[PDB]
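Each of two forms of one protein chain follows alone as structure tokens, named structure 1 and structure 2.
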Structure 1
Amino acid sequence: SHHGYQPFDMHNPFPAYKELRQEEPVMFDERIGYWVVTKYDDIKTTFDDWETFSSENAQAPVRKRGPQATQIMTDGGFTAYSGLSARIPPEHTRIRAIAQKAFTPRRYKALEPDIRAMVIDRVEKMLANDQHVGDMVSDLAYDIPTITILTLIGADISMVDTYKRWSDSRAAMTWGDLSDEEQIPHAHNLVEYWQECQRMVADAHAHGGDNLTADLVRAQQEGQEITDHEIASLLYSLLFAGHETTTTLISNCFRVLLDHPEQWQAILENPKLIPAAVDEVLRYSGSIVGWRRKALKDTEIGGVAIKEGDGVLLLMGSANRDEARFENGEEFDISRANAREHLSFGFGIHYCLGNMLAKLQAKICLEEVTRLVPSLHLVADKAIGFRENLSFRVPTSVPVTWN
């Protein structure tokens, strides 16, 4: 049964990863139509070889878009595909160089005090609950990265819930195992999402502003080569990638660390261990466990022949456990010296644009929650569910209690 691999089952895929690494490290899975690759060396090499393995299918729906969803999105004027992750050179190179300028550790330093204050506010609100029960997703991880990226882009922060609906739909439409009928509500949401991206660009043309959208329009007006459609597509990209995965990371920091109370206790006694803890959470529980490529010519992965046009699914979640790179890879250890060799941000020309902003927010959340709620405790591992998806491993809640 494909060595136990269930492509959309996100609850605990690592036993199957381990059997694949040992038994069939490059496996053709006809259930999804991809070569499934699970070893670190093969995955890093494939990421590096962008001339042979293009990202152009990284935003293609796993399940073909059905007739009604297709009509909805055509009639709704949905013309988006990918701001960056599935573009290829030369367009990718040009657009990434322009987008990169806004995401530097210096441009976050002015944001850290605001993020930290917001974290403390959310923590205090949670601790006021009557039952002394909380949920690290809805009570913290849900809002913090979303407000951060909305503020950076120039969207009104009153639409957090709308953007979560739109992000849920993008994740489900593109990587979910959806029937034609199940695609319909998501198709309507994607139409709305794209129209708002277009509106924000038009608004920046008309009224300027102090935000990323207005800065990108200013770059265009000052001679830089980027179109309105490419700017709107960058919003489409950042208003999804800029919070969906970070919410998951924050959620997983508490899920995994509270599952390992000796290491929770370690960061209580020494907050300086928190950055390395976040590194090991990214290795052990990355927000994305698999990412796609397309072979541009007949080639090989791990000595297995792959035909031009074949799709490839790189399971970074498996790479990050590979014993050839990570000794005792199935164990969570915040002192792991080479945890930052993980592939949860990818590798190469498409390497995550916002990885430092994600880690910053995870650090701040862990710093303030450990300070204000040292007695935080999980209700139960068996109380955490994961939505089905090919690529994104999202815990739906993280129920917690405290003294």
Structure 2
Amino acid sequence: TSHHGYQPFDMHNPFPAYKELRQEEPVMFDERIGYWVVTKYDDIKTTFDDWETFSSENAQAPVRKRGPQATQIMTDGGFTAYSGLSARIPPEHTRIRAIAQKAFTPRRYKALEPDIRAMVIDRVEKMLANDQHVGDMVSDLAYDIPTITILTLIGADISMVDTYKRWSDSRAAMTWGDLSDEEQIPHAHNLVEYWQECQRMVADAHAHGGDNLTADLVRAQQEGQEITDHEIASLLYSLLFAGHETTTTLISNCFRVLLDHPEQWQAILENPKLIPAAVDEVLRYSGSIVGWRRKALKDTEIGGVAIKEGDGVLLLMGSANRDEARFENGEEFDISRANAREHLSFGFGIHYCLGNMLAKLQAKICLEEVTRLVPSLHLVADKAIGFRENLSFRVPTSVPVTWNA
């Protein structure tokens, strides 16, 4: 290979290539995707931190250029969205993030803990009633929970879980997938639908108020806060995607990785108090996002390597998280790892994940109830888990499990 084993869209096990890259070419120009690929912890954290030099404005630009058909569909369909927050830059970013944070209050979703817990228990019970004692932590638990949670917060109809998963799959594929022009066409139609619904919900809040995040955002604007209807709709476009896709993945990975480390699953059974540190280590070792993008605003350097104004940068947090310079025996999963929260799976700096607490809350509750109700849980077999191809999102498509009668 010419890129040290790195295959940009191959999500099944990228960590040996990350390791090779850190040692051999820590800042590597990859012409196959058009980015400087960055793999060391210190280089990645410094780049996140320096927002004045490295803009996030390309974080939502498609990795593969939008072809003619998709372009026509989305133009004809009134698609005018780009980024609610992640790819905005100051001063717009600063203004809109502050308004989002003030509506997205911690006390608002922690009041959903009992509903989330009851929901988890219901799914576990339904799974255990299966006619073969075989389950899948993705379809039988992780799929629904964060989705219903974020839909409830935003004020969307919870019967639309399957629709939002289709819209979410399409955003993930369109923007970070290796799609042909023809493959972009169904996703384009879905993105059009998605954006129309975001706008519809802002209009509905204007007309009828409500008790949710959308209505709160409209009430802020009504009280004089500077945020337009297009910006509120864009915050919905953001939250109705970012607010569940990666948490579904996280919950899935919690079971995938822990069930593969029986000694540590057993520790969790024995002491449920270890679960939050366990989630920290799953986030380091198996974060939902392994790479995120930046754009150089001027000639600069990363790790001593010259980067041109306008060059794209792919920061591989999945690699940062294994860097021996920051994490001793970094390739090993260890729930007791004291500095696991130094991980960069939520980013760092001005765009740092808005919903990180909500995501950890749901992972914790899932682990608490599943370990309580099915301590004998284990993987169906080895080599039974595949990952969808994507530049940035590392998504196990299933986690087949079984248990004792």
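Residue 1 is the first residue of structure 1, and the numbers go on in sequence order from there. Superpose the two forms; the largest set of C-alphas matching within 1.5 Å is the rigid core. Shifts are known only where both forms have a C-alpha.
Among the residues 86, 274, 102, 123, the single one whose Cα moves by at least 2 Å between structures 1 and 2, once the core is superposed, is 102. A C-alpha shift of 0.1 Å is found for residue 64 between structures 1 and 2, based on superposition of the rigid core. Core superposition gives residue 380 a CA displacement of 2.2 Å between structures 1 and 2.
Core aligned; the single run of 3 or more residues with all CA shifts at 2 Å or more between structures 1 and 2 is 102 to 109.
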